[PDB]
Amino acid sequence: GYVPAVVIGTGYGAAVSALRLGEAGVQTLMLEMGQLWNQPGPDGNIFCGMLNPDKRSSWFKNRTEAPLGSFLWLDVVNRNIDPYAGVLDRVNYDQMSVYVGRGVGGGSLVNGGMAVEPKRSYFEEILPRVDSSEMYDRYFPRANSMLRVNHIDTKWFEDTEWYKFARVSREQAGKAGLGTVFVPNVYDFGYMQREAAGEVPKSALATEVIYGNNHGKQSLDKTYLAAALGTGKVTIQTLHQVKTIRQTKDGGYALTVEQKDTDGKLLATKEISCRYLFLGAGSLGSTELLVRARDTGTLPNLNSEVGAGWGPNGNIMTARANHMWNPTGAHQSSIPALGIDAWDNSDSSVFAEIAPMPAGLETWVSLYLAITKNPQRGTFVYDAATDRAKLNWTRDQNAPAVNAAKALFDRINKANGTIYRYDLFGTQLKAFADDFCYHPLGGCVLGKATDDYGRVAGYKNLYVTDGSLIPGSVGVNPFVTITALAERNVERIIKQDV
């Protein structure tokens, strides 16, 4: 059927858009290919933890996987599983694996909650056509409040066993002259203190994050999406995947939408039409829809920038072996709280998460997720044979990112007389994981594939809202930027277009 506005997906861009549309009185249908995560499972919990993965952990895979960095300790808990509509999707391209959330809330279900504003000077570099004053004066504050960002208590952090791992890396970094910063989060840190005191059910302190948090984490289903539903003007249909988009002969857009069950069986194929169409299917999903539409002739006036300009936010993972006298602890909160800010906008820039590890026994490993400044970009290229966009990124394109991460961590190793681990990513000696991405950015870049508010070039009332807009890099964990940009865009689009 017809609905005035359709939003594809339910991640950050989508959720912001739908809230503001509903508040403007626009009846809005959100179409989400994953589940609404609210049914207690066989362990009584909605989500599986990292030490008890099951089919809930994975989007249509036949075996669970260890969290990256932890195969040596967590492969023992891996099991064969039925393909199921689980929460975390490892999307494999030829030389890159991109991890995304699947469900009501998108990546907010599976991410580490880290809510970080980009450096203004870097924002101005990457998006020079955007007025940075309204971003910092209005939209970043709006995002901060709506997301329910909060801050860890410094004395609790300093004292608790659950953050020893962070304190160890802080001390090691400090010997190299490198500073750390606290990382704001949407996980309720008050709740986390109570978990450590045995006062409330554990989640972050029970090895949960990447397959969802049963408590504590204010994912988008609790924040923007709950508010959107509260307007009375928004509904969400789950296990509904948009496959194609066309402009109807009489105006507006028509979608082919597959409804599946949680086993992936096709239940129905529906045609859903609308006046206003907002894409919030993520860097991968929105880009694939538009490359498909261009190259199959259903949106033939899309431009050549559709598909272009993808980067992995410079993501690189690495690990150091601590001295025996610097154990990192068996009990590590699953929510990071500290990072190393070595980002000055130069090509040497690194902003690196001090990542917890879930093994739950002492390994002496410090793990890091580095965000780097690497100019290389990929393109999503439609394959009509398999009906898939394929990302053409090759591993050598991450060499600048590896080189930056390695220069930084080499300083820390030199100051401390430590070495890397080489065995965390596979049997081949490899200290830097260079073929994964948690932060996909680009494919439908703001001001190139779209105008400076995400209006898709060549079309009226067709909008992109999400990580596909960002030009490959933001220098920090990306969801606050996606959120704030979406606030900016939807406010302007509603004013001028709706």
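Residue numbers here begin at 1 and follow the sequence given. Between two forms, the rigid core is defined as the largest C-alpha subset superposing within 1.5 Å.
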Once everything is fitted on the core, do the CA positions of 403-411 or those of 248-256 lie farther from the shown form in 6 other deposited structures of this protein?
248-256
Would 426-434 or 449-457 have the larger average of its C-alpha temperature factors, as given in the entry?
426-434
Which wins on mean Cα temperature factor, 245-253 or 368-376?
245-253
Residue set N111, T318, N92, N214, per-entry CA B-factor max assigned to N92
Scanning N150, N345, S219, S203 for peak Cα temperature factor in the entry gives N345
Sorting the chain's modelled residues by C-alpha B-factor and splitting them into thirds places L51 in the middle
Ordered by C-alpha B-factor within the chain, which third holds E288? Give me lowest, middle or highest, please.
lowest
On the chain's distribution of Cα B-factors, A85 falls within the third called lowest
Taking the C-alpha B-factors as the PDB entry records them, is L21 in the lowest, middle or highest third of its chain?
middle
Sorting the chain's modelled residues by C-alpha B-factor and splitting them into thirds places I340 in the highest
